[PDB]
$ cat model_1.cif   # mmCIF, C-alpha atoms
data_upload
#
loop_
_atom_site.label_atom_id
_atom_site.label_comp_id
_atom_site.auth_asym_id
_atom_site.auth_seq_id
_atom_site.Cartn_x
_atom_site.Cartn_y
_atom_site.Cartn_z
CA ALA A 1 -8.14 16.10 -15.89
CA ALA A 2 -6.33 12.74 -16.05
CA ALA A 3 -7.35 9.23 -15.08
CA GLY A 4 -4.43 9.01 -12.64
CA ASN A 5 -5.61 11.55 -10.07
CA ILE A 6 -8.81 9.72 -9.07
CA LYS A 7 -8.70 8.44 -5.48
CA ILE A 8 -10.90 5.52 -4.41
CA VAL A 9 -11.03 4.60 -0.72
CA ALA A 10 -13.18 1.88 0.85
CA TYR A 11 -15.30 2.93 3.82
CA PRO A 12 -16.55 -0.33 5.40
CA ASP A 13 -18.46 1.29 8.27
CA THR A 14 -21.42 2.08 5.99
CA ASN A 15 -20.44 -0.26 3.09
CA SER A 16 -19.74 2.42 0.52
CA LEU A 17 -17.02 3.76 -1.76
CA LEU A 18 -15.46 7.22 -1.58
CA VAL A 19 -14.47 8.67 -4.97
CA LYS A 20 -12.66 12.01 -5.28
CA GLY A 21 -12.36 13.64 -8.68
CA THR A 22 -13.95 16.12 -11.03
CA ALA A 23 -17.69 16.29 -11.65
CA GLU A 24 -17.31 14.17 -14.80
CA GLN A 25 -15.07 11.46 -13.33
CA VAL A 26 -17.35 10.93 -10.33
CA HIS A 27 -20.30 10.31 -12.66
CA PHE A 28 -18.04 7.99 -14.68
CA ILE A 29 -17.36 5.64 -11.76
CA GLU A 30 -20.98 5.79 -10.57
CA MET A 31 -22.14 4.24 -13.84
CA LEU A 32 -19.55 1.45 -13.55
CA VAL A 33 -20.54 0.58 -9.97
CA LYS A 34 -24.22 0.13 -10.86
CA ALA A 35 -23.21 -2.49 -13.46
CA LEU A 36 -21.09 -4.52 -11.01
CA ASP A 37 -23.78 -4.45 -8.29
CA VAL A 38 -26.24 -7.27 -8.94
CA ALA A 39 -28.03 -9.75 -6.70
CA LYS A 40 -26.72 -13.31 -6.56
CA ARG A 41 -28.37 -16.73 -6.59
CA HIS A 42 -27.91 -19.62 -4.19
CA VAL A 43 -26.44 -23.03 -5.05
CA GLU A 44 -26.72 -26.05 -2.75
CA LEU A 45 -24.17 -28.77 -3.51
CA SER A 46 -24.79 -32.37 -2.43
CA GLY B 1 -12.18 4.20 11.27
CA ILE B 2 -13.51 7.41 9.78
CA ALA B 3 -10.31 9.36 10.45
CA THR B 4 -8.12 6.96 8.46
CA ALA B 5 -10.46 6.74 5.48
CA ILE B 6 -10.64 10.49 4.81
CA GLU B 7 -6.91 10.90 5.54
CA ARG B 8 -6.04 8.43 2.78
CA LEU B 9 -8.52 10.11 0.43
CA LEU B 10 -6.73 13.47 0.69
CA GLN B 11 -3.22 11.99 0.53
CA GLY B 12 -0.89 13.46 -2.07
CA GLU B 13 -3.62 15.05 -4.18
CA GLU B 14 -2.27 18.10 -5.98
CA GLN B 15 -5.81 19.03 -7.02
CA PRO B 16 -7.68 22.37 -7.04
CA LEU B 17 -10.29 21.69 -4.36
CA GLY B 18 -12.69 24.51 -3.57
CA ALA B 19 -5.71 26.27 -2.57
CA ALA B 20 -4.96 22.60 -3.27
CA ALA B 21 -6.48 19.37 -1.98
CA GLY B 22 -3.11 18.27 -0.61
CA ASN B 23 -2.72 20.83 2.18
CA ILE B 24 -5.80 19.78 4.18
CA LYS B 25 -4.90 18.27 7.55
CA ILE B 26 -7.31 15.91 9.31
CA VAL B 27 -6.51 14.78 12.86
CA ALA B 28 -8.68 12.57 15.08
CA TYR B 29 -9.41 13.89 18.56
CA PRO B 30 -10.89 10.94 20.49
CA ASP B 31 -11.31 12.77 23.80
CA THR B 32 -14.53 14.42 22.59
CA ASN B 33 -15.15 12.12 19.56
CA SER B 34 -14.64 14.73 16.87
CA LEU B 35 -12.53 15.51 13.81
CA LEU B 36 -10.16 18.47 13.44
CA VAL B 37 -9.95 19.87 9.90
CA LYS B 38 -7.54 22.68 8.98
CA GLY B 39 -7.92 24.41 5.64
CA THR B 40 -9.48 27.37 3.90
CA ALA B 41 -13.05 28.50 4.52
CA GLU B 42 -14.23 26.58 1.44
CA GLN B 43 -12.42 23.31 2.14
CA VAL B 44 -13.70 23.14 5.73
CA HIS B 45 -17.28 23.43 4.48
CA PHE B 46 -16.45 20.78 1.86
CA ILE B 47 -15.50 18.13 4.44
CA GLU B 48 -18.40 19.09 6.74
CA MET B 49 -20.89 18.10 4.03
CA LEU B 50 -19.14 14.75 3.50
CA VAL B 51 -19.15 13.89 7.22
CA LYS B 52 -22.91 14.42 7.57
CA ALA B 53 -23.47 11.83 4.82
CA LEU B 54 -21.28 9.18 6.48
CA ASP B 55 -22.86 9.71 9.92
CA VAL B 56 -26.04 7.63 10.13
CA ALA B 57 -27.60 5.52 12.86
CA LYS B 58 -27.27 1.75 12.62
CA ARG B 59 -29.66 -1.15 13.16
CA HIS B 60 -29.23 -4.24 15.32
CA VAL B 61 -29.03 -7.83 14.07
CA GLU B 62 -29.32 -10.85 16.37
CA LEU B 63 -27.93 -14.05 14.86
CA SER B 64 -29.08 -17.45 16.13
CA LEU C 1 -10.86 24.28 -14.88
CA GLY C 2 -12.83 21.65 -12.98
CA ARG C 3 -13.67 21.72 -9.29
CA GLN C 4 -13.07 18.59 -7.24
CA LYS C 5 -16.03 16.68 -5.84
CA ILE C 6 -16.43 13.79 -3.39
CA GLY C 7 -19.14 11.22 -4.08
CA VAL C 8 -20.43 8.49 -1.76
CA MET C 9 -21.81 5.36 -3.45
CA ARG C 10 -23.54 2.82 -1.22
CA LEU C 11 -23.43 -0.80 -2.39
CA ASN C 12 -26.60 -2.82 -1.86
CA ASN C 13 -25.73 -6.28 -3.21
CA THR C 14 -22.03 -6.82 -2.47
CA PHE C 15 -19.26 -6.30 0.08
CA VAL C 16 -16.38 -3.83 0.07
CA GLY C 17 -13.14 -5.31 1.35
CA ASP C 18 -11.44 -8.66 1.05
CA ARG C 19 -12.70 -12.06 2.21
CA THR C 20 -10.37 -14.55 3.90
CA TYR C 21 -10.62 -18.29 4.54
CA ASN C 22 -8.26 -21.19 5.25
CA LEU C 23 -7.47 -24.67 3.92
CA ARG C 24 -5.95 -26.27 7.05
CA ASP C 25 -2.65 -24.33 6.96
CA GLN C 26 -2.79 -21.64 4.27
CA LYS C 27 -4.74 -18.41 3.92
CA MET C 28 -6.56 -17.37 0.74
CA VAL C 29 -7.48 -13.73 0.13
CA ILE C 30 -10.03 -12.68 -2.49
CA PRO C 31 -9.90 -9.04 -3.66
CA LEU D 1 -24.59 -59.23 23.45
CA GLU D 2 -27.53 -57.20 22.16
CA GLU D 3 -27.24 -53.42 22.31
CA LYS D 4 -29.42 -50.43 21.42
CA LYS D 5 -28.46 -46.77 21.57
CA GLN D 6 -29.77 -43.26 20.92
CA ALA D 7 -28.39 -39.77 21.50
CA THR D 8 -29.65 -36.28 20.69
CA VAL D 9 -27.76 -33.00 21.18
CA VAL D 10 -29.13 -29.54 20.32
CA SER D 11 -26.77 -26.60 20.87
CA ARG D 12 -27.43 -22.94 20.06
CA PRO D 13 -25.19 -19.85 20.27
CA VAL D 14 -26.75 -16.37 20.13
CA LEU D 15 -24.90 -13.16 19.23
CA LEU D 16 -25.98 -9.52 18.81
CA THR D 17 -24.28 -6.89 16.65
CA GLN D 18 -24.94 -3.96 14.32
CA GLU D 19 -24.84 -3.46 10.56
CA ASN D 20 -21.42 -3.78 8.86
CA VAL D 21 -19.67 -4.62 12.15
CA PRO D 22 -17.73 -7.89 12.59
CA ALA D 23 -18.60 -9.76 15.78
CA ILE D 24 -17.19 -12.87 17.47
CA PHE D 25 -18.69 -15.46 19.78
CA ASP D 26 -16.18 -17.99 21.13
CA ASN D 27 -16.51 -20.88 23.59
CA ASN D 28 -13.23 -22.79 23.61
CA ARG D 29 -10.95 -24.99 25.72
CA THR D 30 -7.17 -24.79 26.00
CA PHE D 31 -4.80 -27.71 26.63
CA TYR D 32 -1.33 -26.84 27.91
CA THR D 33 1.66 -29.16 27.50
CA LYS D 34 5.22 -29.10 28.82
CA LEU D 35 7.79 -29.41 26.03
CA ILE D 36 10.92 -29.91 28.13
CA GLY D 37 13.57 -28.34 25.91
CA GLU D 38 16.59 -26.29 26.86
CA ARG D 39 16.65 -23.10 24.75
CA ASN D 40 13.30 -22.06 23.35
CA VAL D 41 11.31 -23.56 26.21
CA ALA D 42 7.65 -22.83 25.64
CA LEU D 43 4.15 -23.66 26.79
CA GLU D 44 2.54 -24.99 23.63
CA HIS D 45 -1.23 -25.18 23.50
CA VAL D 46 -4.12 -26.40 21.38
CA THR D 47 -7.60 -24.88 21.29
CA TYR D 48 -10.99 -26.27 20.28
CA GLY D 49 -14.58 -25.17 20.69
CA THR D 50 -17.57 -23.42 19.17
CA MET D 51 -16.83 -20.20 17.29
CA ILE D 52 -18.84 -17.86 15.04
CA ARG D 53 -17.58 -14.80 13.15
CA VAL D 54 -20.30 -12.96 11.25
CA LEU D 55 -20.58 -9.72 9.27
CA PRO D 56 -24.24 -8.81 8.75
CA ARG D 57 -25.57 -6.38 6.17
CA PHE D 58 -29.05 -5.33 5.07
CA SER D 59 -29.93 -5.57 1.39
CA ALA D 60 -32.29 -3.27 -0.52
CA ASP D 61 -35.35 -5.51 -0.05
CA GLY D 62 -34.97 -6.06 3.69
CA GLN D 63 -33.05 -9.34 3.59
CA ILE D 64 -29.94 -9.95 5.69
CA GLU D 65 -26.77 -11.16 3.98
CA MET D 66 -24.08 -12.69 6.19
CA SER D 67 -20.44 -13.71 5.78
CA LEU D 68 -20.05 -16.75 8.01
CA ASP D 69 -17.09 -18.57 9.58
CA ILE D 70 -18.37 -21.43 11.74
CA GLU D 71 -16.28 -23.89 13.76
CA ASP D 72 -17.68 -26.60 16.03
CA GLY D 73 -15.14 -28.92 17.63
CA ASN D 74 -14.97 -31.33 20.54
CA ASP D 75 -12.57 -33.84 22.10
CA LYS D 76 -12.53 -37.41 20.81
CA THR D 77 -11.38 -39.92 23.40
CA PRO D 78 -9.37 -43.09 22.69
CA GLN D 79 -9.31 -46.15 24.97
CA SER D 80 -8.68 -45.16 28.59
CA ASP D 81 -6.90 -48.39 29.62
CA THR D 82 -3.79 -47.82 27.47
CA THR D 83 -0.87 -45.54 28.37
CA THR D 84 -1.61 -42.84 25.74
CA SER D 85 -4.40 -41.36 27.93
CA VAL D 86 -1.89 -39.72 30.31
CA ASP D 87 0.29 -37.91 27.75
CA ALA D 88 -0.54 -34.91 25.56
CA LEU D 89 -2.82 -36.68 23.07
CA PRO D 90 -6.26 -35.05 22.99
CA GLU D 91 -7.44 -36.25 19.55
CA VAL D 92 -9.44 -33.21 18.40
CA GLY D 93 -12.20 -33.46 15.80
CA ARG D 94 -13.43 -30.21 14.27
CA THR D 95 -16.02 -29.09 11.72
CA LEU D 96 -15.39 -25.98 9.63
CA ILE D 97 -17.81 -24.13 7.33
CA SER D 98 -17.10 -20.92 5.41
CA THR D 99 -19.74 -19.54 3.03
CA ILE D 100 -22.08 -16.60 2.31
CA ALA D 101 -25.87 -16.79 2.64
CA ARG D 102 -28.79 -14.36 2.41
#

$ encode --input "model_1.cif" --output "structure tokens"
Amino acid sequence: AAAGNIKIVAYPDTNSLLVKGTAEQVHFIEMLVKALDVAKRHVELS
Amino acid sequence: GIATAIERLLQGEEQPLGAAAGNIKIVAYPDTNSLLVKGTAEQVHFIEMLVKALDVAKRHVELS
Amino acid sequence: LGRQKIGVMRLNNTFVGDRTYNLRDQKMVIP
Amino acid sequence: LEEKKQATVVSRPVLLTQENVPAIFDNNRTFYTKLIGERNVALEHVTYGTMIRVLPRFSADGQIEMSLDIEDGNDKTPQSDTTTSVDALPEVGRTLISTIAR
């Protein structure tokens, strides 16, 4: 369909996203999320 | 809670969910801690499979 | 036509939702 | 005069919660004052004390990431012999920390 009928709702109770769309748009957001989800490093400032 | 997150997910939503995705009504019933879903026989089974994935037991953290 | 589908994606290394802090009078919100 | 001094203080708050649930521990003190106005007469108050607000979350490896908001305040006292010890002057000193650790 279109890019304007995708609904994204935060569910903080299990720390997860809820995406509603077609079977090709759900796989499209799942590949974007795994690129924005990386582990961070610690900085101590003195 | 869980009854406000799925209610905003199905808001508007003129989409062919299997009628439409916009005529599903979800109402919280706190007196027995359960959801009330009204739709066709295929949309009710569609929300029942989503609820069993968001319903997991939690672990305890003690912070000192 | 395409059937609708709901996916649940758990995040392991970040937080959903905004973070809020203060500098003595004013509130800052990070998306 | 010849003076020596030493002072140690170790304080520890403990709080229990679940995953992805915000929790609050608070141990404060309230100071009420009488603002003698005529129209919008009110009891104004200040508040100071220990306070933690945490949001724990388990990572994929078994580590615990937290979103912290720590406040530790107490009441600083000026000289008791002067008149400003009887009015509404509790000089408050606080210590605020807001960060994220894992």

$ resolve_selection --input "model_1.cif" --expression "the PyMOL selection byres ((chain B) within 10 of (chain C))" --output "PyMOL selection string"
chain B and resi 9+15-18+20-21+46-47+49-50+53-54

$ resolve_selection --input "model_1.cif" --expression "the PyMOL selection byres ((chain A and resi 13) around 12)" --output "ChimeraX atom specification"
/A:10-12,14-18 /B:1-5,54-58 /C:10-11,15-17 /D:18-22,55-57

$ interface_residues --input "model_1.cif" --of "chain B" --to "chain D" --cutoff "8 Å" --atoms "all atoms listed in the file" --output "number ranges by chain"
B: 58-64

$ resolve_selection --input "model_1.cif" --expression "the PyMOL selection byres ((chain D and resi 24-30) around 6)" --output "JSON, numbers by chain"
{"D": [23, 31, 46, 47, 48, 49, 50, 51, 52, 53]}

$ atom_distance --input "model_1.cif" --atom1 "CA of residue 71 in chain D" --atom2 "CA of residue 44 in chain A"
19.7 Å

$ atom_distance --input "model_1.cif" --atom1 "CA of residue 39 in chain A" --atom2 "CA of residue 30 in chain C"
18.7 Å

$ decode --input "model_1.cif" --residues "chain A" --atoms "N, CA and C atoms" --output "JSON list (two decimals), in the first residue's frame"
[["chain", "number", "residue", "atom", "x", "y", "z"],
["A", 1, "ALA", "N", 0.83, -1.20, 0.00],
["A", 1, "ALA", "CA", 0.00, 0.00, 0.00],
["A", 1, "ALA", "C", 0.87, 1.26, 0.00],
["A", 2, "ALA", "N", 0.54, 2.21, 0.87],
["A", 2, "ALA", "CA", 1.25, 3.48, 0.96],
["A", 2, "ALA", "C", 2.15, 3.48, 2.18],
["A", 3, "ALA", "N", 2.95, 4.54, 2.30],
["A", 3, "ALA", "CA", 3.80, 4.68, 3.48],
["A", 3, "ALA", "C", 3.08, 5.43, 4.59],
["A", 4, "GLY", "N", 1.90, 5.98, 4.29],
["A", 4, "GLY", "CA", 1.15, 6.77, 5.24],
["A", 4, "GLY", "C", 0.15, 6.03, 6.09],
["A", 5, "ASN", "N", -0.06, 4.74, 5.86],
["A", 5, "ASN", "CA", -0.98, 3.95, 6.67],
["A", 5, "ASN", "C", -0.26, 3.01, 7.62],
["A", 6, "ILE", "N", 1.03, 3.21, 7.87],
["A", 6, "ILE", "CA", 1.73, 2.43, 8.87],
["A", 6, "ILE", "C", 1.57, 3.09, 10.23],
["A", 7, "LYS", "N", 1.16, 2.31, 11.23],
["A", 7, "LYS", "CA", 0.97, 2.80, 12.58],
["A", 7, "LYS", "C", 2.06, 2.22, 13.47],
["A", 8, "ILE", "N", 2.72, 3.09, 14.23],
["A", 8, "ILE", "CA", 3.78, 2.70, 15.15],
["A", 8, "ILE", "C", 3.43, 3.23, 16.53],
["A", 9, "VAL", "N", 3.30, 2.33, 17.50],
["A", 9, "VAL", "CA", 2.88, 2.66, 18.85],
["A", 9, "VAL", "C", 3.88, 2.04, 19.83],
["A", 10, "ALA", "N", 4.39, 2.86, 20.74],
["A", 10, "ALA", "CA", 5.32, 2.41, 21.77],
["A", 10, "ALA", "C", 4.58, 1.64, 22.84],
["A", 11, "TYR", "N", 5.12, 0.48, 23.22],
["A", 11, "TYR", "CA", 4.59, -0.29, 24.33],
["A", 11, "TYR", "C", 5.68, -0.41, 25.39],
["A", 12, "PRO", "N", 5.71, 0.48, 26.39],
["A", 12, "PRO", "CA", 6.84, 0.49, 27.33],
["A", 12, "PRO", "C", 6.83, -0.62, 28.36],
["A", 13, "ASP", "N", 5.76, -1.40, 28.44],
["A", 13, "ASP", "CA", 5.64, -2.37, 29.52],
["A", 13, "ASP", "C", 6.53, -3.59, 29.26],
["A", 14, "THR", "N", 6.89, -3.84, 28.00],
["A", 14, "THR", "CA", 7.88, -4.86, 27.67],
["A", 14, "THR", "C", 9.00, -4.31, 26.81],
["A", 15, "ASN", "N", 9.08, -2.98, 26.65],
["A", 15, "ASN", "CA", 10.13, -2.27, 25.91],
["A", 15, "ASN", "C", 10.21, -2.74, 24.46],
["A", 16, "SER", "N", 9.12, -2.50, 23.72],
["A", 16, "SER", "CA", 9.02, -3.01, 22.37],
["A", 16, "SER", "C", 8.09, -2.12, 21.56],
["A", 17, "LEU", "N", 8.29, -2.13, 20.25],
["A", 17, "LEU", "CA", 7.48, -1.38, 19.31],
["A", 17, "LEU", "C", 6.37, -2.25, 18.74],
["A", 18, "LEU", "N", 5.27, -1.61, 18.38],
["A", 18, "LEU", "CA", 4.14, -2.29, 17.74],
["A", 18, "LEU", "C", 3.92, -1.65, 16.38],
["A", 19, "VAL", "N", 4.17, -2.41, 15.31],
["A", 19, "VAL", "CA", 4.04, -1.93, 13.94],
["A", 19, "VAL", "C", 2.89, -2.68, 13.29],
["A", 20, "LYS", "N", 1.98, -1.93, 12.66],
["A", 20, "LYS", "CA", 0.85, -2.50, 11.95],
["A", 20, "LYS", "C", 0.91, -2.09, 10.48],
["A", 21, "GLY", "N", 1.02, -3.07, 9.60],
["A", 21, "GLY", "CA", 1.05, -2.79, 8.18],
["A", 21, "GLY", "C", 0.94, -4.07, 7.41],
["A", 22, "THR", "N", 1.33, -4.02, 6.14],
["A", 22, "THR", "CA", 1.35, -5.22, 5.31],
["A", 22, "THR", "C", 2.54, -6.10, 5.69],
["A", 23, "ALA", "N", 2.65, -7.25, 5.04],
["A", 23, "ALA", "CA", 3.74, -8.17, 5.33],
["A", 23, "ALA", "C", 5.07, -7.69, 4.79],
["A", 24, "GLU", "N", 5.07, -6.70, 3.89],
["A", 24, "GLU", "CA", 6.31, -6.15, 3.35],
["A", 24, "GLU", "C", 6.74, -4.88, 4.07],
["A", 25, "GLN", "N", 5.79, -4.14, 4.66],
["A", 25, "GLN", "CA", 6.16, -2.96, 5.42],
["A", 25, "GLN", "C", 6.61, -3.30, 6.83],
["A", 26, "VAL", "N", 6.13, -4.41, 7.39],
["A", 26, "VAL", "CA", 6.57, -4.83, 8.72],
["A", 26, "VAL", "C", 8.02, -5.30, 8.67],
["A", 27, "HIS", "N", 8.38, -6.05, 7.62],
["A", 27, "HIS", "CA", 9.77, -6.44, 7.40],
["A", 27, "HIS", "C", 10.66, -5.25, 7.06],
["A", 28, "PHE", "N", 10.07, -4.16, 6.56],
["A", 28, "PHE", "CA", 10.86, -2.99, 6.19],
["A", 28, "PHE", "C", 11.27, -2.19, 7.42],
["A", 29, "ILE", "N", 10.42, -2.14, 8.45],
["A", 29, "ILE", "CA", 10.76, -1.43, 9.67],
["A", 29, "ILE", "C", 11.63, -2.30, 10.58],
["A", 30, "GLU", "N", 11.50, -3.62, 10.47],
["A", 30, "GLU", "CA", 12.31, -4.52, 11.29],
["A", 30, "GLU", "C", 13.78, -4.48, 10.90],
["A", 31, "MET", "N", 14.08, -4.18, 9.64],
["A", 31, "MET", "CA", 15.47, -4.03, 9.23],
["A", 31, "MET", "C", 16.05, -2.67, 9.59],
["A", 32, "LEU", "N", 15.19, -1.66, 9.78],
["A", 32, "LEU", "CA", 15.68, -0.36, 10.22],
["A", 32, "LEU", "C", 15.98, -0.35, 11.71],
["A", 33, "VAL", "N", 15.16, -1.06, 12.49],
["A", 33, "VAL", "CA", 15.30, -1.09, 13.95],
["A", 33, "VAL", "C", 16.59, -1.79, 14.36],
["A", 34, "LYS", "N", 16.96, -2.86, 13.66],
["A", 34, "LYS", "CA", 18.19, -3.57, 13.98],
["A", 34, "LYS", "C", 19.45, -2.81, 13.59],
["A", 35, "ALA", "N", 19.33, -1.69, 12.87],
["A", 35, "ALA", "CA", 20.48, -0.84, 12.59],
["A", 35, "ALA", "C", 20.59, 0.32, 13.57],
["A", 36, "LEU", "N", 19.50, 0.68, 14.23],
["A", 36, "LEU", "CA", 19.51, 1.71, 15.26],
["A", 36, "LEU", "C", 19.68, 1.16, 16.66],
["A", 37, "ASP", "N", 19.85, -0.15, 16.81],
["A", 37, "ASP", "CA", 19.89, -0.80, 18.12],
["A", 37, "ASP", "C", 21.29, -1.37, 18.34],
["A", 38, "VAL", "N", 22.17, -0.53, 18.88],
["A", 38, "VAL", "CA", 23.55, -0.92, 19.15],
["A", 38, "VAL", "C", 23.88, -0.61, 20.60],
["A", 39, "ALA", "N", 24.87, -1.32, 21.13],
["A", 39, "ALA", "CA", 25.31, -1.13, 22.50],
["A", 39, "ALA", "C", 26.24, 0.07, 22.59],
["A", 40, "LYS", "N", 26.14, 0.80, 23.70],
["A", 40, "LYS", "CA", 26.86, 2.04, 23.90],
["A", 40, "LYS", "C", 28.08, 1.83, 24.79],
["A", 41, "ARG", "N", 28.96, 2.83, 24.79],
["A", 41, "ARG", "CA", 30.17, 2.83, 25.60],
["A", 41, "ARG", "C", 30.08, 3.91, 26.66],
["A", 42, "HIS", "N", 30.86, 3.75, 27.72],
["A", 42, "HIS", "CA", 30.80, 4.62, 28.88],
["A", 42, "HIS", "C", 31.94, 5.63, 28.85],
["A", 43, "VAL", "N", 31.62, 6.88, 29.19],
["A", 43, "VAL", "CA", 32.59, 7.96, 29.29],
["A", 43, "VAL", "C", 32.53, 8.50, 30.71],
["A", 44, "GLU", "N", 33.69, 8.64, 31.35],
["A", 44, "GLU", "CA", 33.79, 9.27, 32.66],
["A", 44, "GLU", "C", 34.54, 10.58, 32.50],
["A", 45, "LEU", "N", 33.89, 11.68, 32.88],
["A", 45, "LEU", "CA", 34.43, 13.02, 32.69],
["A", 45, "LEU", "C", 34.90, 13.57, 34.02],
["A", 46, "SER", "N", 36.16, 14.00, 34.08],
["A", 46, "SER", "CA", 36.75, 14.57, 35.27],
["A", 46, "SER", "C", 37.20, 15.99, 34.97]]
